Amino acid sequence: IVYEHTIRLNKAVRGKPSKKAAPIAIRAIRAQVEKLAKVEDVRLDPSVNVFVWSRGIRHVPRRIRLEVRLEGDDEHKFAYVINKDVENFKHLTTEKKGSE
Amino acid sequence: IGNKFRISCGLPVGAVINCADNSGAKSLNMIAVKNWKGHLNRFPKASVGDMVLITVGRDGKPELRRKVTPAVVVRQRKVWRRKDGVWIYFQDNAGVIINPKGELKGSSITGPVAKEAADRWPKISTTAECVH
Amino acid sequence: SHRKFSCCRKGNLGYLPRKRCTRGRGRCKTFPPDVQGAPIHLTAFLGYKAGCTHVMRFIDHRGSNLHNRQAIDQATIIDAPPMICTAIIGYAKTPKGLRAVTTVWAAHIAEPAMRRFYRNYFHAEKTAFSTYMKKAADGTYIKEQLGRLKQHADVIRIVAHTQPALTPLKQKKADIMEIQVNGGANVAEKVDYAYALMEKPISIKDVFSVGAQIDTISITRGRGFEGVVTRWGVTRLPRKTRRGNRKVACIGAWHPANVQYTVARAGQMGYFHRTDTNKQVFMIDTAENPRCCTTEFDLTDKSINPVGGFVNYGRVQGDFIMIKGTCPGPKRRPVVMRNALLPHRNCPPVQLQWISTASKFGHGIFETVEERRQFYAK
Amino acid sequence: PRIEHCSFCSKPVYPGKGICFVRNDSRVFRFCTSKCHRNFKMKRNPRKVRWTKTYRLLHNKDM
RNA sequence: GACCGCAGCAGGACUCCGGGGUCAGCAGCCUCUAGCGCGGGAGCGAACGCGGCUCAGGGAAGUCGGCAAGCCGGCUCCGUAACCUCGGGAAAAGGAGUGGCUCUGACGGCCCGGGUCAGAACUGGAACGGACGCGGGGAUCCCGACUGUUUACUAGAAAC
RNA sequence: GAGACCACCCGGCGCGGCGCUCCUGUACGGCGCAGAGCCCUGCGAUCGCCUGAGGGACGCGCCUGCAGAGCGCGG
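Protein chains in written order, with the entry's author numbering: chain Le, 3 to 102; chain LW, 11 to 142; chain LB, 2 to 379; chain LX, 2 to 64.
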């Protein structure tokens with residue numbers, strides 16, 4: 003089950019100090035995946051970390067698209083969030099790739 | 011003359027306003043405003059059409075200076091709201107020396123003069139070239 | 002010693018205690034004088050502030066510099082989804098003071114009104130007026146109860162519910178208000194008038210007329226814990242002062258040994274029930290009419306909706322009342338409008354030359370989407 | 002309604018919107034917005050700002 | 001980074017070697033090498049503080065006092081007053097220019113080097129020391145000629 | 001819409017799209033006999049067109065996508 007969702011990180015740091023933007027952004031990615039995944043464990047590929055910090059700790063990209071897979075077993079289902087680089091974030095919305 | 015609708019007062023006391031008349035004064039220092047009751051700590055304030063007690067600056071002709079003179083502010087840099095909703099402001103703050111009776115001390119009022127100043131004081135209205 | 006220079010107190014002690022309003026919405030409290038000789042009229046109506054606008058007006062105020070002259074004023078649109086009566090409450094005048102003498106509820110109470118009864122409708126058991134519906138339905142019980150009101154009641158009130166589905170907000174649960182019935186020749190006529198309005202819609206047009214002045218009641222905009230300088234209006238002290246200049250310096254003398262309630266102290270500013278008064282009703286109309294707010298000079302259909310929608314409010318699909326100036330409260334807040342208790346005698350007559358439907362979101366120059374489309378054309 | 006245009010922008014000021022400046026040449030300069038006014042007070046040329054009808058005229062996009 | 005101050009004490013400790021760019025610079029501002037992430041973290045984004053910005057119109061009317069802040073400033077080129085122990089005053093005051101591109105002259109050695117100084121065009125919302133660095137100025141009066149020195153830790157002075 | 005914490009007010013929320021409106025001021029790139037000139041088809045600060053463009057939005061309208069109302073606790 004591979005969810006495909008975009009997240010606007012500009013909307014995430016709204017209300018928080020610019021110096022801690024990228025750390026706040028990473029937390030938002032964990033929290034906003036948890037809402038989609040419905041499972042608590044979220045592990046983000048190092049690629050997701052590099053993208054959020056591409057333009058520094060104060061000017062995180064305005065939007066990031068993440069492909070998240072829910073692979074897990076023995077009740078510890080976890081979501082593995084990767085970074086999908088998109089030229090256009092225009093007509094982009096949840097695009098789950100099937101189930102199980 | 012008549013009743014003046016409140017306009018934002020842009021020139022506090024200590025303001026120096028230009029002279030718009032050929033009286034021979036160039037700069038007028040606002041000592042006070044006529045009809046002002048005060049509140050503790052509040053400097054007197056004045057706007058277009060209000061009589062202000064002024065003193066002529068050192069640049070002025072000797073006869074005019076060293077005495078308090080009454081004048082009416084005719085131009086105000088601060089924007090003000092007329093009842094119709096018009097917000098109007100002027101390039102400079104200027105005044106014309108006029109006795110409380112309403113006799114101008116000057117033959118001509120140079121430059122634009124505000125409508126409010128012109129209605130309240132009749133002699134300013136005839137003399138002013140334009141009432142924008 | 003003495004203050005030396007005379008200065009007034011800062012703030013109205015009448016408006017103390019300055020606490021967040023515990024009452025949920027602005028309450029009518031006192032209602033207009035009955036008169037005892039007028040067509041029976043309801044005296045109040047709830048509204049949700051929709052927005053503010055500009056209205057060009059022609060002034061007929063004799064003796065004023067504005068006579069025979071145009072003016073532009075702040076208007077405040079109060080969205081008015083039509084209310085529905087759900088009950089009638091009668092009140093005996095007792096020595097202790099007005100005390101209720103029983104209320105007769107509607108045979109059928111609407112879901113919005115029922116939603117008000119519960120904190121969570123989905124998880125509740127919907128057990129409201131369950132045995133009441135059976136006791137009524139036939140309606141013989143309702144008439145018997147209404148008859149008890151006719152003899153034992155002197156002040157009659159109508160309970161009414163707003164429907165928030167036809168309003169852009171997410172309240173979903175209804176707001177209930179006891180609107181007084183005034184002016185009828187006698188109490189028996191008053192309750193008869195009430196039965197006709199029962200379980201049927203009431204519109205602002207019936208309650209208030211253009212040209213009348215109404216008193217607007219609502220909870221004010223909340224600023225949270227504020228400093229004395231913002232909350233009570235005091236001076237920011239000299240900027241050469243240690244420990245801060247945003248504080249009243251001395252809060253009392255040696256004696257009285259206690260801080261007096263007069264002295265300004267820092268607390269909650271905002272969310273206060275306040276009643277404004279004598280705001281003239283410029284225009285009552287429905288947004289369903291395309292030409293509802295059109296005037297002869299514009300020559301455009303001009304509905305009440307600004308281009309891009311009211312800001313922090315939405316569709317205003319139904320009827321609306323426009324008041325002169327401002328009413329207490331932020332946009333999206335319930336505001337009880339009540340007939341004036343003391344109207345201003347020398348108010349001019351309202352004739353609106355132009356209304357502004359230019360977008361309030363940003364600065365608008367086009368009053369219709371078609372008008373903005375025409376300008377940008379290609 | 003009665004309408005005026007910006008002396009700089011050349012867009013119809015709607016009634017009740019805008020600021021009017023009386024210049025020392027006795028010329029009223031009506032300004033639609035604060036931006037209309039600020040460009041004039043920096044004497045920045047009207048014909049080098051594209052949104053202005055003056056530049057629309059120069060491009061010949063709107064004349 | 002271990003010394004000395006009761007501490008893993010924004011305290012105090014003497015040397016030696018000292019890259020690049022912008023620059024008059026060993027200045028400020030970013031960087032290569034090399035070091036490295038410091039008595040802890042999360043939230044919320046009240047009052048009030050503490051540092052930092054901006055503010056219409058007026059402008060010291062505020063105050064014991066313009067305290068604090070603001071102005072000014074780099075370079076080139078004009079233009080510089082009273083006064084003077086003739087050295088100074090003086091950067092007096094008071095102005096004008098300054099960017100990018102495209103060129104054109106100057107200046108050596110014997111076709112080979114320097115990159116500074118002039119002079120143009122042309123271009124840009126009416127902009128250029130575009131960060132940074134970096135006097136506000138004048139008129140007087142009293143003391144002490146001056147550079148110096150001074151009560152470690154409330155007087156830096158007209159005192160020595 | 002309310003707030004230090006609480007409380008208050010409202011609730012199958014929200015996320016991220018799409019229109020509308022608005023902010024700024026005409027996006028990258030491609031094109032030109034633009035361009036002061038210089039020099040070989042090279043160079044060039046810039047300028048005009050595609051473009052009141054593009055980029056952005058915390059206001060509105062909608063779902064077109066994912067979702068969203070605890071047999072959690074207490075009575």
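Here a beta-carbon is modelled for each residue, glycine too, at the ideal position from N, C-alpha and C.
| query | Looking at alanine 108/LB and the ligand ATP, is the gap between the Cβ and the nearest heavy atom below 7 Å? | reply | Here there are no bound small molecules, and the ligand ATP is not part of this structure.
| request: Can you grab the Cα-Cα spacing for the pair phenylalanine 273/LB / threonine 327/LB, in whole Å? | output: The straight-line gap from Cα to Cα measures roughly 16 Å.
| request: Could you tell me if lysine 111/LW is buried or exposed, where buried requires 16 or more neighbouring beta carbons within 10 angstroms of its beta carbon? | output: Looking at its Cβ environment, which holds fewer than 16 other Cβ atoms inside 10 Å, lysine 111/LW is exposed.
| Taking the beta strand (DSSP E) that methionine 338/LB falls in, what are its first and last residues? | That run of the beta strand (DSSP E) goes 335 to 340.
| message | Closer than 8 Å is the cut-off here; do at least three beta carbon pairs connect the stretch 33 to 49 of chain LB with the stretch 330 to 339 of chain LB? | response | Cβ pair count under 8 Å is three or more, so yes.
| task | For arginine 28/LB, name the three-state secondary structure that DSSP assigns. | result | Here DSSP, grouped into helix, strand and coil, assigns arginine 28/LB to coil.
| Any C-beta of chain LX sitting closer than 8 Å to the C-beta of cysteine 29/LW? | Not closer than 8 Å to any Cβ of chain LX, the Cβ of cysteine 29/LW fails to qualify, so no.
| task | Please classify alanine 23/Le: is it buried, with 16 or more other beta-carbons within 10 angstroms of its beta-carbon, or exposed? | result | With 16 or more Cβ atoms within 10 Å of its Cβ, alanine 23/Le is classed as buried.
| field | Beta-carbon proximity check, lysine 361/LB vs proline 307/LB, cutoff 8 Å | value | Result yes, Cβ atoms of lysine 361/LB and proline 307/LB sit closer than 8 Å.
| query | By the criterion of Cβ-Cβ separation under 9 Å, what are the contact partners of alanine 265/LB in chain LW? | reply | Correct list: empty, because the minimum Cβ distance to chain LW is about 16 Å.
| request: Would you mind stating whether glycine 91/LB and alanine 154/LB have Cβ atoms separated by less than 8 Å? | output: Yes; because the gap between Cβ atoms is below 8 Å, this pair is in contact.
| task | Buried or exposed for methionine 43/LX, please, with buried defined as at least 16 other CB atoms from any protein chain shown within 10 angstroms of its CB. | result | Counting every other CB atom within 10 Å of its CB across the protein chains shown gives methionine 43/LX a total below 16, marking it as exposed.
| query | Among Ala27/Le, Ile3/Le and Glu77/Le, which has the Cα closest to the Cα of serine 56/Le? | reply | Ranking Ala27/Le, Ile3/Le and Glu77/Le by Cα distance to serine 56/Le puts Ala27/Le first.
| said: Assuming contact is defined by CB atoms lying nearer than 8 Å, are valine 105/LB and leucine 147/LB in contact in what I supplied? | reply: It is a contact, given that the beta carbons lie within the stated cut-off.
| request: Round the Cβ separation of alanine 56/LW and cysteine 19/LW to the nearest angstrom and send it over; I've been treating them as touching at under 8 Å. | output: Between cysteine 19/LW and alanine 56/LW the Cβ distance is about 6 Å, and since that is below 8 Å, they are a contact.
| Assumed close pair residue 144/LW, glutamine 86/LW - CB separation to whole angstroms, cut-off 8 Å | In this structure chain LW extends from 11 to 142, so residue 144/LW is not present and cannot be described.
| said: Just checking: is the beta-carbon of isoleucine 305/LB within a distance shorter than 8 Å of some beta-carbon in chain LX? | reply: No, its Cβ sits nowhere closer than 8 Å to a Cβ of chain LX.
| query | Just curious, the beta strand (DSSP E) that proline 80/LW is in, first and last residue? | reply | Annotation for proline 80/LW: the continuous beta strand (DSSP E) segment containing it runs 78 to 85.
| message | Less than 8 Å between the beta carbons of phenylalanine 15/LW and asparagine 66/LB, yes or no? | response | Contact check for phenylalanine 15/LW against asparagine 66/LB passes: the beta carbons are separated by less than 8 Å.
| Minimum Cβ-Cβ distance from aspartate 94/LW to chain LB less than 8 Å | Yes, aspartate 94/LW counts as interfacial toward chain LB.
| field | DSSP state of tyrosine 142/LB mapped onto helix, strand, coil | value | In the three-state DSSP reduction, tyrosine 142/LB falls in the helix class (H, G or I).
| message | List, from N- to C-terminal side, the alpha helix (DSSP H) runs of 4 residues or more that fit wholly inside the stretch 228 to 303 of chain LB. | response | The stretch 228 to 303 of chain LB contains these whole alpha helix (DSSP H) runs: 229 to 233.
| said: Measuring only the C-alpha atoms, how far is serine 210/LB from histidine 345/LB? | reply: When rounded, the distance between both Cα atoms is 16 Å.
| message | Within a Cβ cutoff of 7 Å, which residues of the same chain sit near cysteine 7/LX, ignoring the five residues on either side of it in sequence? | response | Cβ neighbours of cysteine 7/LX beyond the five flanking positions: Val14, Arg31, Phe32, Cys33 and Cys37.
| field | Nearest neighbour of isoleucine 85/LB, chosen from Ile203/LB, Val317/LB, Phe6/LB and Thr54/LB [CA to CA] | value | Cα-wise, what sits closest to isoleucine 85/LB is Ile203/LB.
| When the cut-off is 8 Å and only beta carbons count, does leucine 114/LW lie next to chain LB? | Nearest CB-CB separation between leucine 114/LW and chain LB: not below the 8 Å threshold.
| field | Own chain partners of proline 331/LB with C-beta closer than 8 Å, once the 5 adjacent residues on each side are dropped | value | Spatial neighbours of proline 331/LB in its own chain (CB-CB distance under 8 Å, excluding positions within 5 residues in sequence) are listed in chain order as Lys50, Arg222 and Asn313.
| query | For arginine 58/LB, which option in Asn51/LW, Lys71/LW and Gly95/LW has the closest C-alpha, if you only look at C-alpha atoms? | reply | Nearest Cα to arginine 58/LB within the set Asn51/LW, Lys71/LW and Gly95/LW: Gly95/LW.
| query | residue 388/LB: which of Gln375/LB, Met284/LB and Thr242/LB sits nearest, CA to CA? | reply | Residue 388/LB lies beyond the stretch modelled for chain LB, which goes from 2 to 379, so this question has no answer here.
| said: Among the candidates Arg64/Le, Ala30/Le, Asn85/Le and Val4/Le, whose CA atom is the shortest distance from the CA of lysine 92/Le? | reply: Nearest C-alpha to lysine 92/Le: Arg64/Le.
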